[PDB]
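[1] This block holds the first chain(s) of the complex, placed as they are in the complex; more will follow:
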Amino acid sequence: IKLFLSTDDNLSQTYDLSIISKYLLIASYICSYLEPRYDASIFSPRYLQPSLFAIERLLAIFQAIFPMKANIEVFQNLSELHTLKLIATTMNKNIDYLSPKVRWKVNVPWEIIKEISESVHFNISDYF
């Protein structure tokens, strides 16, 4: 029966990530789907494609949500996420992160951000 109950065209705790990476990916989703108007009020469009944002917003939200300052491990985890392509940029060839023209967006669906929030005991469900 179970052969006929699932397609089994699938090729195969789904993501095992560092805590800093998990909170960075929470804050990036918040940046990508929360309108910029609310950054001064809440902290002090799911079906649509994610909006772009800036690193200045991501660092501030990450600092405001982690249970960290600016040691190199945060930026290392962010670059790891980009290399993992869990976060996307507005370019295709000759990546130039430090150039001011680049912008950032989330490349991860909500179903994974929810599990990450559960694993780090965070309440993204109450910010929307």
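    Good, I have the coordinates. Numbers count the residues shown, from 1 in each chain, chains lettered A, B, ... in the order given.
[2] Centroid-nearest residue for chain A?
    What sits nearest the mean C-alpha location of chain A, by C-alpha atoms, centre = their mean, is residue A:25, with 2.9 Å.
[3] Confirm that that residue sits in a strand.
    No: looking at residue A:25 with DSSP: H, G, I helix; E, B strand; the rest coil, it is helix, so not inside a strand.
[4] can you pull the contacts of it?
    Neighbour list for residue A:25: A:17, A:81, A:86, A:87, A:106, A:108, A:113, A:116 [criterion: C-beta atoms under 8 Å, 6 or more residues apart in numbering]. Bear in mind the C-beta positions are built from the backbone N, C-alpha and C, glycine included.
[5] do the same with residue A:50
    A:29, A:32, A:33, A:105, A:106.
[6] again, but for residue A:34
    Listed by C-beta under 8 Å, 6+ apart, the contact partners of residue A:34 are A:42, A:127, A:128.
[7] mind checking how far stretch A:33-48 is from the chain centre?
    Stretch A:33-48 has its C-alpha centroid displaced from the chain centroid by 14 Å (C-alpha atoms, centre = their mean, to the nearest Å).
[8] nope, stretch A:63-73 is what I meant
    Relative to its parent chain, stretch A:63-73 has a centroid offset of 15 Å by C-alpha atoms, centre = their mean.
[9] got a list of what residue A:115 touches?
    Residue A:115 makes contact with A:14, A:15 under the criterion C-beta under 8 Å, 6+ apart.
[10] following sequence is chain B, place it on the structure:
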Amino acid sequence: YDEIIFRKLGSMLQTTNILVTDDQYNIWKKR
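    Chain B added:
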């Protein structure tokens, strides 16, 4: 000033406060 710059610069020559200072035994010797 030397200790602060030594610690900020990451030098291993900065005194490490695992042993209490000799000035502390300028006090403790009287005990």
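[11] The contacts of residue A:50 again, this time with chain B added?
    Contact analysis of residue A:50 by C-beta atoms under 8 Å, 6 or more residues apart in numbering or on different chains lists A:29, A:32, A:33, A:105, A:106.
[12] For it, which three-state class applies?
    Judged by three-state DSSP, the three-state class of residue A:50 is coil.
[13] Could you measure from it over to residue A:43?
    Relative to residue A:43, residue A:50 is positioned 19 Å away (C-beta to C-beta, to the nearest Å).
[14] Number of residues surrounding residue A:64?
    By the criterion of other C-beta atoms under 10 Å in any protein chain shown, residue A:64 has 13 neighbours.
[15] list the contacts for it?
    Counting by C-beta under 8 Å, 6+ apart, the residues that residue A:64 touches are residue A:43.
[16] Distance-wise, check it relative to residue A:7.
    Where residue A:7 is concerned, residue A:64 sits at a distance of 42 Å (C-beta to C-beta).
[17] same check, this time on residue A:41
    45 Å.
[18] residue contacts, the closest residue to residue A:42 other than its chain neighbours?
    Once flanking residues are discounted, residue A:42 sits nearest to residue A:127: 6.5 Å by C-beta to C-beta, 6 or more residues apart in numbering or on different chains. Residue A:127 makes contacts with A:30, A:34, A:42, as judged by C-beta under 8 Å, 6+ apart.
[19] mind putting those in a markdown table, distance to residue B:5 and secondary structure included?
    Shown next, in a markdown table, are the contacts of residue A:127 (distance: C-beta to C-beta, whole Å; DSSP: H, G, I helix; E, B strand; the rest coil):
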| residue | distance to residue B:5 | secondary structure |
| --- | --- | --- |
| A:30 | 40 | helix |
| A:34 | 44 | coil |
| A:42 | 43 | coil |
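[20] As chain C, please add this:
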Amino acid sequence: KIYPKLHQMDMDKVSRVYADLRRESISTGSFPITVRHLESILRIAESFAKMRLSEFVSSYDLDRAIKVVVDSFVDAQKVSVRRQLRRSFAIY
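    Adding chain C to what we have so far:
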């Protein structure tokens, strides 16, 4: 019948918590802690003593009196401020 009275032995337990609560008010949150909160703590402290029909205020009654007023003040804050204050007042 019962009109429970205060003991000055508990003055430290009351004043120190108030100053600690005041310090966190400027630290986080927009609601400033007012003297009327302290006036509310004593009243509910007296009410807790009146429950036991004891003529004097005990330390146990003050702990529950502090718990109720602090919890209401924390729970009325916005979500961003709410989580910060719950960790700062885990003792209370």
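[21] back to the contacts of residue A:64, now that we've got chain C?
    Shown in contact with residue A:64 (C-beta under 8 Å, 6+ apart): A:43, C:80.
[22] Look up how far residue A:40 lies from it.
    Note on residue A:64: its distance to residue A:40, by C-beta to C-beta, is 12 Å.
[23] what does residue C:46 give?
    Residue C:46 sits 43 Å away from residue A:40 when distances are taken as C-beta to C-beta.
[24] More neighbours: those two, which one.
    Neighbour count, other C-beta under 10 Å: between residue C:46 and residue A:40, residue C:46 has more, with 17 against 8.
[25] secondary structure class for the more buried one?
    For residue C:46, the assignment made with three-state DSSP gives helix.
[26] Please report how far the closest residue to it other than its chain neighbours lies from residue C:43.
    The shortest distance from residue C:46 to any non-neighbouring residue, by C-beta to C-beta, 6+ apart, is to residue C:4 (5.6 Å). Distance of residue C:4 to residue C:43, computed by C-beta to C-beta: 11 Å.
[27] ok, now residue C:71?
    16 Å.
[28] Residue A:29 and residue A:128 touch, don't they?
    No: judged on C-beta atoms under 8 Å, residue A:29 makes no contact with residue A:128 at a distance of 10.4 Å.
[29] and the residue in chain A positioned nearest to chain C, what helix or strand is that in?
    Taking C-beta to the nearest C-beta as the measure, chain A has residue A:43 as its residue closest to chain C, at 5.1 Å. Following DSSP states H and E, there is no helix or strand that holds residue A:43.
[30] do the same with residue A:21
    Using DSSP H and E, residue A:21 falls within helix A:19-33.
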